[PDB]
A.B. asks: 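Quick one: structure below, then a few questions.
FYI, the numbering just counts along the sequence from 1. Only heavy atoms go into these numbers, but all of them, side chains included; no hydrogens, no water, no symmetry mates.
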Amino acid sequence: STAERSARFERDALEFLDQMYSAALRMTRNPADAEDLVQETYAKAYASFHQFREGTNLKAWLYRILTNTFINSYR
């Protein structure tokens, strides 16, 4: 189903939340900014599931959304 895949993607993504917030602490040097940066990355990630294909390494796909947001928001 379209809903199943997507719910599976969410949980897979969330499994990494901590590794992602931890990386975010190291790039923003600020809990508050680290959180905002993660949150916005996940929101962006939920919103684009449509484009995440099949094999694509999930972690690298999130890393990419996270850098794009670091750059274009924080900074």
A.B. asks: Keeping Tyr42 on the side-chain end and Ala13 on the backbone end, is there a donor-acceptor pair under 3.5 Å?
C.D. replies: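 Confirmed, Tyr42 side chain pairs with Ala13 backbone.
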A.B. asks: Distance check, rounded to the nearest 0.5 Å: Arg11 atom CZ versus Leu17 atom CG?
C.D. replies: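 These two atoms lie 16.0 Å from each other.
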A.B. asks: Sequence neighbours left out, what passes ring-ring contact (aromatic ring centres under 6.0 Å, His included) with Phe16? Give chain and number order.
C.D. replies: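 With sequence neighbours excluded, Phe16 shows a ring-ring contact (aromatic ring centres under 6.0 Å, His included) to no residue whatsoever.
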A.B. asks: Find the distance between CG (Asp36) and OG1 (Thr69) and round it off to the nearest 0.5 Å.
C.D. replies: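 OG1 of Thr69 is found 11.5 Å from CG of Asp36.
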A.B. asks: Under a 3.5 Å distance rule, please check whether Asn72 uses its side chain to pair with a backbone N or O of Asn68 as donor and acceptor.
C.D. replies: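 Such a contact is found between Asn72 side chain and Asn68 backbone.
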A.B. asks: Tell me the closest heavy-atom pair linking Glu10 and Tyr46, and the distance in Å.
C.D. replies: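 Of all heavy-atom pairs spanning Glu10 and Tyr46, the closest is CG-CD2, 3.8 Å.
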A.B. asks: Just to verify, what does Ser73 make a side-chain hydrogen bond (donor to acceptor under 3.5 Å, both in side chains) with, not counting sequence neighbours?
C.D. replies: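 Once residues adjacent in sequence are excluded, the partners of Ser73 under the side-chain hydrogen bond (donor to acceptor under 3.5 Å, both in side chains) criterion are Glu40.
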A.B. asks: If I compare all heavy atoms of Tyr21 with all of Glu35, which pair ends up nearest, and what's the gap?
C.D. replies: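 Smallest heavy-atom distance, with atoms named: CE1-N, 3.8 Å.
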A.B. asks: Excluding sequence neighbours, so at least two apart, what forms side-chain hydrogen bond (donor to acceptor under 3.5 Å, both in side chains) with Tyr63?
C.D. replies: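 Partners of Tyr63 under the side-chain hydrogen bond (donor to acceptor under 3.5 Å, both in side chains) test: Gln19.
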A.B. asks: Specify whether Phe9 and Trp61 have parallel, tilted or perpendicular ring planes, treating 30° as the upper limit for parallel and 60° as the lower limit for perpendicular.
C.D. replies: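 Because their plane-to-plane angle is over 60°, the rings of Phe9 and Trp61 count as perpendicular.
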A.B. asks: Taking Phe52's backbone N and O only, do any of them form a donor-acceptor pair with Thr56's side chain (distance below 3.5 Å, no angle check)?
C.D. replies: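 Side chain of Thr56 to backbone of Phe52: no pair is present.
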A.B. asks: With a 3.5 Å cut-off and sequence neighbours excluded, list the donor-acceptor pairs that the side chains of residues 27-34 form with protein atoms.
C.D. replies:
unit_1: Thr28; atom_1: OG1; unit_2: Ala24; atom_2: O; d: 2.8
unit_1: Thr28; atom_1: OG1; unit_2: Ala34; atom_2: N; d: 3.3
unit_1: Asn30; atom_1: OD1; unit_2: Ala32; atom_2: N; d: 3.0
unit_1: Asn30; atom_1: OD1; unit_2: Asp33; atom_2: N; d: 3.1
unit_1: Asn30; atom_1: ND2; unit_2: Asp33; atom_2: OD2; d: 3.3

A.B. asks: Please report the shortest heavy-atom distance between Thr41 and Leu62, naming the atom on each side.
C.D. replies: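 Shortest heavy-atom contact: CG2-O, 4.1 Å.
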A.B. asks: Over all heavy atoms of both residues, which pair between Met20 and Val38 is shortest? Give the atoms and the distance, please.
C.D. replies: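 Looking at all heavy atoms of both residues, the shortest contact is O-CG1, 3.3 Å.
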